[PDB]
Every structure is written in C-alpha cells, then in structure tokens.
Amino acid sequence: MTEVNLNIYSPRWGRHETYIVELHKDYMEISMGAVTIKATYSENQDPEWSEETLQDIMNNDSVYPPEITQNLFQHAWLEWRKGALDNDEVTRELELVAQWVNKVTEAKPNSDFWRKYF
C-alpha cells in the first residue's frame, strides 16, 4: 500500500479537504471523510468500481470536476500497478489532477447569476 494525500478545496466547507488514495496491486480506494469508493483489478476486464462514484463524494463537497476525473485516478493506479510509476511519481501525477480540480473550482463563473446558483 502506498498512500497519496490530495488537498481538494471544498466550497461547501470553505477549506481544503484531504482526499486519501490508497493504492494496492489488487485494488484502489479513495476516501474523503467516512465515505470510501473502491476499484478492484481483474485480469481480463476493466476495473470493477463500487456503486458510489468519485463525482458523488466530490459533488457532496460542492466540487464539480470534469467527468473524466475518476478515470484519471484509475489510469494513474493502473500504471503505478505495472511499475511504470514509482511511489513518488504516482503521487506527483495525482497531485496534478488535484491541482486541476482546484483550478476548475477557482475559475468558476463569478457573475451574480452564477454565484447565486452554485
């Protein structure tokens, strides 16, 4: 297990929240607070994800990242898993995803109309 701690700014709480990524050969888990989602690897199929999604836990914090975000986490994990990325590198690459998510949040439309809505 290598653990990656990601700082995601949550407009809901007005602070950065820690999303914890647990990487294993057999599975990956992503938790924020009491919720945990999971992907489990399989030889001849794409990873099996828990019913709960990354968008689920993030939208809960008023974070609205691109739909591909969860798939990025999966890609980072699958590449780390075959040894293409070492521990510090998968950490760096995932931090880039978190940075992107935070930039998306930072750049949200800022008119009266949009501020009132989300």
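All residue numbers are counted from 1 along the displayed sequence.
Enquirer: Name the higher of the two by mean Cα B-factor in the PDB entry, 44-52 versus 80-88.
Expert: Per the deposited B-factors, the answer is 44-52.
Enquirer: Look over 105-113 and 12-20 in the entry and identify the one with the greater average Cα temperature factor.
Expert: The entry gives the higher C-alpha B-factor average to 12-20.
Enquirer: Please pick out which of 58, 28, 68, 34 has the largest Cα B-factor as recorded in the entry.
Expert: Comparing C-alpha B-factors across 58, 28, 68, 34, the top value belongs to 34.
Enquirer: Looking at the entry's B-factor column for C-alpha atoms only, identify whether residue 1 ranks in the lowest, middle or highest third of its chain.
Expert: It falls in the top third of the chain.
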